[PDB]
Every structure is written in C-alpha cells, then in structure tokens.
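Fold and geometry: a report
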Amino acid sequence: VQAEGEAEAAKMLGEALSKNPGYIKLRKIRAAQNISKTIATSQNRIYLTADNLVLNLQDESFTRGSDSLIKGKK
Amino acid sequence: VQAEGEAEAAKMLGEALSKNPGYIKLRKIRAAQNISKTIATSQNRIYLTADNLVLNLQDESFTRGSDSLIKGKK
Amino acid sequence: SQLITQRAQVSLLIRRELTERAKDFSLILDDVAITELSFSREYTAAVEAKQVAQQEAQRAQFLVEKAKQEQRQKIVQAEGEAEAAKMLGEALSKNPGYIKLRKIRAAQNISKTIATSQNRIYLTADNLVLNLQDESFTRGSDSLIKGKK
Amino acid sequence: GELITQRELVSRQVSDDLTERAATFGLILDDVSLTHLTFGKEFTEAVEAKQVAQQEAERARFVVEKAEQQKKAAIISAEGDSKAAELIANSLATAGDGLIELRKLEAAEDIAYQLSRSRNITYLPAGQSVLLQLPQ
Amino acid sequence: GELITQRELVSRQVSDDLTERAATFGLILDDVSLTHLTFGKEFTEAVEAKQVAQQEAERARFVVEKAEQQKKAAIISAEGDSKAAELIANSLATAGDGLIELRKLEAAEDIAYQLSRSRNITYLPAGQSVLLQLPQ
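Calculation rules
- Residues numbered from 1 in each chain as written, not as in the entry; some residues may be left out.
- Chains lettered and ligands numbered in written order.
- Part of a larger assembly, values for the part shown.
- Heavy atoms only, no water.
- Helix = DSSP H or I, 4+ residues; strand = E, 2+ residues; numbered from the N terminus.
- Rg over C-alpha atoms; globule rule 2.2 N^0.38 Å.
- Buried < 20%, exposed > 50% of the residue type's maximum accessible area, 1.4 Å probe, protein only.
- Areas by Shrake-Rupley, 256 points an atom, 1.4 Å probe, with all protein chains shown as cover.
- Contact = heavy atoms within 4.5 Å.
- Axes fitted to C-alpha atoms, helices over the stretch in contact; angles between N-to-C directions.
- Parallel < 35°, antiparallel > 145°, perpendicular 65-115°, else oblique.
- Left-handed = near helix turned anticlockwise from the far one by under 90°.
- Polar contact = N/O pair within 3.5 Å; in protein donor to acceptor, adjacent residues only side chain to side chain.
- Buried area = accessible area lost by both parts, 1.4 Å probe.
- Nonpolar A, V, L, I, M, F, W, Y, C, P; charged D, E, K, R; others polar.
- Patch = residues over 30% accessible without salt bridge, like charges linked within 9 Å, V, L, I, M, F, W, Y side chains within 5 Å.
- Salt bridge = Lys/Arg side-chain N within 4 Å of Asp/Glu carboxyl O.
- Expected span 1.5 Å × (residues − 1).
- UniProt positions renumbered as here; feature names shortened; annotations may be inferred.
- Core = buried A, V, L, I, M, F, W, Y, C linked by side-chain atoms within 4.5 Å.
- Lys, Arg positive; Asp, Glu negative; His and termini not counted.
- Charge placed at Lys NZ, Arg CZ, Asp CG, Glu CD.
- Arc of directions from axis to C-beta.

Attention now moves to the overall build of chain A. Helix and strand counts for chain A stand at 3 helices and 0 strands. Secondary structure elements in chain A, listed N-terminal to C-terminal, are α-α-α. A compact globule built from 74 residues should have a C-alpha radius of gyration of about 11 Å, whereas chain A, at 18 Å, is more than 25% larger. Taken along the three principal axes of its C-alpha coordinates, chain A extends 55 × 40 × 15 Å. Per-residue burial for chain A yields a buried fraction of 15% across its 74 residues. In the structure as shown, chain A presents an accessible area of about 6,100 Å², 58% of it carried by carbon and sulfur atoms.

Okay, structure coming up:
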C-alpha cells in the first residue's frame, strides 16, 4: 500500500503529459527557482554554461540560441 | 486555485506572442537591465563573449554580426 | 469547549451536587461557584482560528480587487515600453548606422562608468589597434575596399 | 474514560470499601472520596483532539478562503508582463527586427552601468575555436 | 460584530442578570453595564480593511496617474539617441564607410584617455591560433 501511492500518482502523471515540454521545462525551471532558493541553506559552489546568466550578448551563439523564436532556428 | 493563476496567465502570454522575437528579446534585455541592476546587491564575477561590450570593432566577426541590418546577413 | 460554552451548566451542576453533599453533615451551602477554568489551548485555539481565517478571506478579497486595478497601473506602465518600441521599430530597418553607433556610444558611456566599476576587461582581435600589419589587420581594414567588408 | 464518565461509581466504591475497611480497625469513615485523579497523556488527549480538529476543520476551511485571495498576487504580478507581450508581439512581427534588436544595446548600457556595481565581469569571443581559462 | 452592533442588548442582559443576581445576596444593583470590551484582531480588523482598501482603491487609481507621467522619462532619455540614428543612418548609408570607421579611433583616444583611470587593461592579437593566459 505504500507504493501503490507512487504508482497511481504515476498513472495520472503518465497519461497526462505526452504532448510537448510545457510544464516539464516549467518544472525544470520552478526547480531552478526552489532548488536554488534552498541552495541558500546550502553552500553550493555552482559553475555554469553557455547562456545561463545572460551574456553571450551578441556572439552568434547568443543570437542563434535566441532565434528559437524564429520558427526554424529552434 | 494557487496555480490556475500561473495557468491563465499562461493562456494570455501564450496566445499572445507567436509571431517574432520582439519582446522576448526586449525582455532578455530588460533582463540585462534589471538583472544586473540587482547584481549590485550581488557580487557576481561575470565573464563574457563575442560582441557584448562592443569591441570586435573591425574584425569581420564584428561587421558580419552587425550586418544583420543588411537584410540577408542576419 | 463545552465547559467554556456551557460554564453556566457546569457551575450550576457543581453547586447542585455539592449543596446536597454538604447538607448530609449539617452544612447549608448558600453558594457554590466555579472560580476558574483552564485547558491546554488546542480546541479553543482552532475554534478561534476558524473565524480568524473566515474573515481573513475578506481581508484579502478586497485586496484581490485592489490588485485587479493596481494591474492597470502596470498596463499603463508598459504601454510606455511598447509605443517607444513602435517608434524605435518602424524606425531603423535599413542598415546598422546608429545600432553600431550605439554599440559605440555604449563603448563610450559604458566604460565611462566602468570607472565607478572595477572591471577586469579582456579583449580581442583588433580593438586596441594593433594587428598593425598582420594581414588580419589589413583585411579587417579593407572593409573600406568595397568588397573586402 | 470509564473512570470518570462513571466517577461517581468509582469514588463511591472506594469510599464504602474504605469505610468498611476502617470499621474493622475501629474507625468510622463518615465519608470518603477521590481527592486526586489523572491518567496518561494520549488516550487522555486524543479523544480531546477528536473534537479539537473538528474545529481545526473550520480553521482550514477558512485558511482556504485566505489563500483564494492571496494567490491573486501571483496572478497579478505577471498579468501586465503579459499584456506587454500582447502588444509588442504583433507590433514587431509585422514591423520587423527593429527593436527586436536595438533594445539589446540600450541594454548594453543599462546592463553594465549596473555591472559596475559588480566587480568581476569578464569576456571572450567566438568564431574561433575559442577556449576559456579563468581567474580566481 | 454582533456584540456591539447590538451592544445595548448585551450590556442590558448582563446588567439585569447581575441585578437579579445581587438581589439574592441582598444587593441592589441600581445599575450595571459593560465597562470594558474588545475582541481578537482580524475578524475585528478585516471588515475594517474592507472599507480601508475601497479607498486604497483610489490611492492606486491615482498612483496610476503618477506612473503615466513618470515613464515619459524612460521614453525621453532615449528619444534623441534615436533621432541621431534617423540622421546618421541615411547619412553614411549613401555616404559610405567614412565615419562608420573613423570615430572608432577618435574612440581609441577617448576610450583609453579614460582607461587610464582603470588600471588593469591587457591585450592580444588574432590571425594566429591566439590563445590566452591572464594574470591575477
């Protein structure tokens, strides 16, 4: 009975989301929110990547990774 | 009721912006504004990229990344 | 709670039984009255909190309204950044005259204020001037040659 | 519970038993009853909680109505960030890559006018096989 | 609320009850009433807030009109930066790569005349497989 709980929850997460990464990304990202809200209680030494804090600002990497908005450069 | 709030807001952000990256870039960029306005309260060690602070000034990378204005070099 | 709510019943029953308890040994009790009453809190704590929150609901409903309307504050806030976008937008669709010029008045005022900063800047092919004769220099200069740009 | 949902019986039993008890020792207990009385904690306290939280029920019933009106704020800190999207999306869709572009570099200013308040920003190119090493 | 939207009833009830009460103890309460009176906080204070923020409504109604006229400044710190674009764009489009170019290096001066006030600038080439290492 413990883990029919984690299995029917899996039912209704499972039949639920098979279209496109709307909330799976949103939840990666509410992760980015609450995760590193609690990294406060942490002492994480984080080290990062291409376009996270913002600043490939004009390198073509920036703008091609921005033109996902151009439907075709995504 | 908490997160119908984040869902109908998603409605009216969603049907709203499916043309071209006008404000999505503008908001990347008002990000660049307020984000690093508040990086003041931060102590960020930022490290940067091809054409952010301005100065590929004549390298062909500069001018081809500038001739986006030439309709075809964008 | 039923003690607090019906403390009259409690004190009345106490006196009713105690007068007959005392009268057995020739003791006429004119008065028998409860002087104090206590609990831990929990029953009454939740019982109070229910009406606390019932009207906290009201406390924030009119705030819902206040906010419905403090959002046309923001409506008017950012038509400002949108019509400015109109007249920046229909304005510049030819060639990078001022967009470069403004990259470059950036290079001006940006690093004018990098004074108030402590930037450790690190730089690139032809910024401070000195590929002076390397063919990279001269091909990145012959943009002036109409065709080497 | 039965000790005091029927305490009259308990006290009377102890009292008459003790009276007949003292009688044998030449002692007339003209009256006796239970001075003090208690129990453990949670058979004691949980039938209490039974009606405690039948009212905790109303407490939460009504904290629900508080949250109903709290989360309007989460709606509404973003409502206008979204209408601005309404506007500028169909603006520079038909219009083109004008302020798609140029606010990037009204940014550059407002960006690092403030990055000055930061003190360790850095920079590199691309188009090469650019390859980073960084300081302490 | 009902205690004092109808306090006359509450005080009169307490008063006549206490008068008949003291009568049995040989005491003529010729008058009685509720000296002191209060409640909790927020059933108390939120029906208050109900009309508080019906006026907070006007407060925000009118802070809206303040922002209307604040954000002209955001328009107008950039208005002229833009007309200069109007001008020089069609200037050196027809004209060519003259001051497209030469202000780069009236820059070089005004750039590092001021970079002097900075104290850790550095420099490298390209055209090679240039590869950076930097100091502390």
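The rest of the description comes next.
Turning to the overall build of chain C, a few remarks are in order. Within chain C one finds 5 helices and 0 strands. When the elements of chain C are put in sequence order from the N terminus, they spell out α-α-α-α-α. Its C-alpha atoms give chain C a radius of gyration of 42 Å, more than 25% over the compact-globule value 15 Å for 149 residues. Principal-axis analysis of the C-alpha atoms places the extent of chain C at approximately 130 × 35 × 25 Å. Burial statistics for chain C: of 149 residues in total, 39% are counted as buried. In chain C, the share of contacts with a sequence separation of at least 24, taken over all contacts with a separation of at least 6, comes to 32%. Accessible surface computed for chain C: about 8,600 Å², of which carbon and sulfur atoms make up 55%.

Here we take up the packing of helix α3 (residues 42-89) of chain C against helix α4 (residues 72-95) of chain D. Packing of α3 of chain C against α4 of chain D leaves a shortest axis separation of 8 Å and a crossing angle of 25°. In this view, α3 of chain C runs roughly parallel relative to α4 of chain D, as classed from their interaxial angle. Our pair here, α3 of chain C against α4 of chain D, has a crossing hand that is right-handed.

We now examine the side chain of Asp81 of chain E. Within the element layout of this structure, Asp81 of chain E appears in helix α4 (residues 72-95). Judged by relative accessible area, which is 13%, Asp81 of chain E ranks as buried. Polar side-chain contacts of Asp81 of chain E include one of 2.6 Å to the side chain of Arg105 of chain C. Each residue touching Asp81 of chain E, except ones within four places of it in the same chain, is listed here: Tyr98, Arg102 and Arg105 of chain C.

With that settled, the discussion passes to the interface of chain C and chain D. In this complex, chain C contributes 48 residues to the contact, which on the side of chain D involves 50 residues. Taken together, the two surfaces of chain C and chain D that pack against each other cover about 4,200 Å², and 61% of this comes from carbon and sulfur. Contact with chain D buries area across many residues of chain C, yet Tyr43, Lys50 and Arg102 of chain C alone supply 13% of it, more than any other trio. Secondary structure elements with two or more residues in the side of chain C that touches chain D: α2 (7-23), α3 and α4 (97-113) of chain C. Per-element accounting of the side of chain C that touches chain D gives the leading share, 28 residues, to α3 of chain C. Across the side of chain C that touches chain D, the residue classes break down as 21 nonpolar, 12 polar and 15 charged.

This brings us to a nonpolar patch on the surface. Together, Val129, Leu130 and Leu132 of chain C together with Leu105 of chain E line one region of the surface with nonpolar side chains, adding up to about 310 Å² of accessible area. Residue position: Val129 of chain C is located in the loop between α4 and α5 (135-139). Classification of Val129 of chain C by relative accessible area gives partly exposed; the value is 31%.

Mapped onto the fold, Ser66 of chain B is located in the segment after α3 (60-64). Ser66 of chain B has contacts with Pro96, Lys100 and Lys103 of chain C, leaving out every residue within four places of it along the chain.

This part covers helix α2 (residues 22-38) of chain B. With 17 residues, α2 of chain B extends 24 Å between its outermost C-alpha atoms, agreeing within 8% with the 24 Å of an ideal straight helix rising 1.5 Å per residue. Buried within α2 of chain B we find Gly22, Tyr23, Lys25, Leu26, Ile29, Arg30, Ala31, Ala32, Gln33 and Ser36 of chain B. Check the buried side of α2 of chain B and you find it contacts α3 of chain C together with α4 and α5 (99-115) of chain D.

Attention now goes to the packing of α3 of chain C against α5 of chain D. In contact at an axis separation of 9 Å, α3 of chain C and α5 of chain D are set at 110° when each is read in the N-to-C sense. In terms of orientation, α3 of chain C lies roughly perpendicular with respect to α5 of chain D. In the crossing of α3 of chain C with α5 of chain D, the sense of the turn from one axis to the other is right-handed. Contacts between α3 of chain C and α5 of chain D involve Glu81, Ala85, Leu88 and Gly89 of chain C from the former and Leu99, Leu102, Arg103 and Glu106 of chain D from the latter. Looking at the contact of α3 of chain C with α5 of chain D residue by residue, the class counts come to 4 nonpolar, 1 polar and 3 charged.

Our next topic: unusual backbone geometry. A positive phi angle, close to 90°, is found at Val54 of chain B, a residue other than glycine. Judged by relative accessible area, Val54 of chain B falls into the buried class, the value being 1%. Positive phi is not limited to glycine here, since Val129 of chain C has a value of about 90°.

Side-chain pairs of opposite charge can arise where the charged atoms are in close proximity. By the definition in use, this model includes 38 salt bridges over all chains. Among the salt bridges present, the one from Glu109 of chain D reaches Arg102 of chain C, with a minimum N-O distance of 3.6 Å. Within this pair, whereas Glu109 of chain D is found in helix α5, its partner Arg102 of chain C is found in helix α4, the two belonging to separate chains. One connected set of salt bridges, linked through shared partners, spans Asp67 and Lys73 of chain A, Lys25 and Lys74 of chain B together with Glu101 and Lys104 of chain D.

What follows deals with the UniProt feature "coiled-coil region" in chain C. As recorded in UniProt, the sites labelled "coiled-coil region" are residues 40-88 of chain C. Split by type, residues 40-88 of chain C is 96% helix and 0% strand. Its first and last C-alpha atoms lie 68 Å apart.

To continue, consider the nonpolar core. A general feature of soluble globular proteins is that nonpolar side chains tend to end up buried together. Core analysis: the largest hydrophobic core is formed by 29 residues, its most contacted members being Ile46 and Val54 of chain B, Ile110 of chain C together with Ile111 and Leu115 of chain D. With 6 residues, α5 of chain D is the largest single contributor of residues to this core. Formed by 16 residues, the second largest nonpolar core is a distinct cluster that contains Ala91 of chain C, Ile88 and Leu102 of chain D together with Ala85 of chain E.

As a further point, take a negative patch on the surface. On the surface, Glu17, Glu20 and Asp24 of chain C together with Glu8 of chain D cluster together into a patch of negative charge. Position of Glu8 of chain D among the secondary structure elements: in helix α2 (residues 7-24). For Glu8 of chain D, a relative accessible area of 58% translates into the label exposed.

This next bit is on α2 of chain C. Residues and elements named next belong to chain C. Taking 1.5 Å per residue as the helical rise, α2 with its 17 residues ought to reach 24 Å, and the 24 Å between its terminal C-alpha atoms agrees with that figure. Looking only at α2, the buried set comprises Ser11, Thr19 and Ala22. Taken end-on, α2 shows its buried residues confined to a sector of 75°, consistent with a single buried face.

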